[PDB]
Every structure is written in structure tokens, then in C-alpha cells.
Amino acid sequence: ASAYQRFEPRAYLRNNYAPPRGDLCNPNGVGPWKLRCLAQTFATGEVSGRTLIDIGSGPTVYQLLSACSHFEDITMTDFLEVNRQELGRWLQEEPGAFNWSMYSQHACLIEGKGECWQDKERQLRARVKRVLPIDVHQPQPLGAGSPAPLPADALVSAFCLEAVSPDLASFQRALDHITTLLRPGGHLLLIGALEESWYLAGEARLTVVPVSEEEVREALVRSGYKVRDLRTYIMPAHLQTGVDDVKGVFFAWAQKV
């Protein structure tokens, strides 16, 4: 976890959200697939409410695109200052912010409601009230008196848990921890890597717990969830780039019962 102190956001983003992986043009790529999972899931309109929290946002927003048109109060979080600062930059349209425009576009394309992407971003920025520090290893991961209206009506988290946890049980506790933030009857949309064990981000070389679809399911159940959907994307050769050793990406829609 002290490895995360050398974590370089610009190199993360570059490694994982710029082309090839960041070229949204081929619909068989991983970005289109993630974006579509979120989109489909919300267009069901069974995931709805007033507040929502992004767990381990790091320096990224795509995970909230389709989401943001359904929850008026959206809280973002990450363990690192540097990331909370990089999010700041895009939220406030400051100089040198990252360019998500491609992602916004495709969310708009995928949702098919004829929305322009500036309207979409405009809505996201507007609905993101706060960026908060977070440690999922803590049993109240946000702290005590957090500005975050609890309990949240829903949780979103991508590539965090399995990437902050040294092992399967550790991963499992973290899940219990965040689940604490989620109002009962509420919804969790979880996206992560499958059987990934390391991934780079500049100088920082991070270790990952290689989980599996079955492990992830059991884990969601153990933590008190009803699994409404679990889907798997197998990484194609040409998206294997040596910034990691990820084999697939998984997406899960789970309802706390």
C-alpha cells in the first residue's frame, strides 16, 4: 500500500484510457464493453435514488457517465491526494485536465437518447458534489463525520478492491467495509480485473490479487449481496500491452438484501 505513494495518475490514464485501450472506435474493445455494461444496467431503471458514491475513483470519471443521470448527489473518493487533485482538474475544467470527451461521446452513443456529450459532462460535473479521501481497509472507510450523506442509495467501484488488497480475504474484508456505506435494498455496480496480479503506473509497480469470476461471486454473496448480473470480458491479444498481465475484466450488479 506504500507502493501507492509512487503512483502516477498521468501514467495510469495513459496506460489504460489512451489508445489502444482508449481508442473507443472498435466496439469489441474493453472501454466500449465497460461503458455498455454500466449503460445497460442503468437503462433498466431499477438502480435509482438520490445519492451515490464512487469507491476508489482514482483519476477517472467514465465509471459515472451513464450513472450520473440517475442520482443527484454523487460523491467521489480515492486514497491518494494526487488523484483527488487530478479529478479536481477535470471537475473544474481547469488547465491540463484529462480528456474524457471520447468516453462521454460513447456513453451518449450507447445510451441512445440523442444527448450531446457536453450536456453529459455538464450534468456529471454538476452532480459531483464532493471528492473525498477514502481507505477501504478501514471499517468506516470514509471516517467518522464525513460530509457524505449516508447511507448511499448505491455504490460504484472499478479496479479498486482487488487492486488494494494483498490477498483474497483482504479483498473480502474491504468488500464488507464498503458494503457498510450502502443502504439496505441499495445497489452496487462493481467492475474489476480478472486474474490480474500486477499493473504499472509510472515508477509505481502495484500488486494485485488475481481473482476469478466465481471468487468474485461467492465474495459478493458472503458480504450480503444478491447477484443480479455478473459478466465477463476476455482481454483480446491486441489490448495486452505490458502495462499489466490482466486476462479479463468482470462486471457485477449486486443488490444488498
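Numbers for residues come from their place in the sequence shown, where the first is 1. Only the largest set of C-alpha atoms that superpose within 1.5 Å between the two forms is called the rigid core.
Across the superposed structures in 8 other deposited structures of this protein, aligned by the core, the stretch whose Cα atoms lie more distant on average is 91-99, chosen from 91-99 and 166-174.
As listed in the deposited structure, the average C-alpha B-factor of 213-221 and of 31-39 is greater for 213-221.
The PDB entry reports B-factors from which the mean C-alpha value can be compared for 137-145 and 93-101; the larger average falls on 137-145.
Set against one another, the Cα B-factors of 153, 115, 162, 121 in the record reach their highest point at 153.
Among the modelled residues of its chain, residue 106 has a C-alpha B-factor that falls in the lowest third, as given in the PDB entry. Compared with the other modelled residues of the chain, the Cα B-factor recorded for residue 77 ranks in the middle third. Per-chain ranking of the deposited C-alpha B factor places residue 200 in the lowest third. Sort the chain's modelled residues by C-alpha temperature factor and residue 1 lands in the highest third, per the entry. In the deposited entry, the Cα temperature factor of residue 254 places it in the middle third of its chain's modelled residues.
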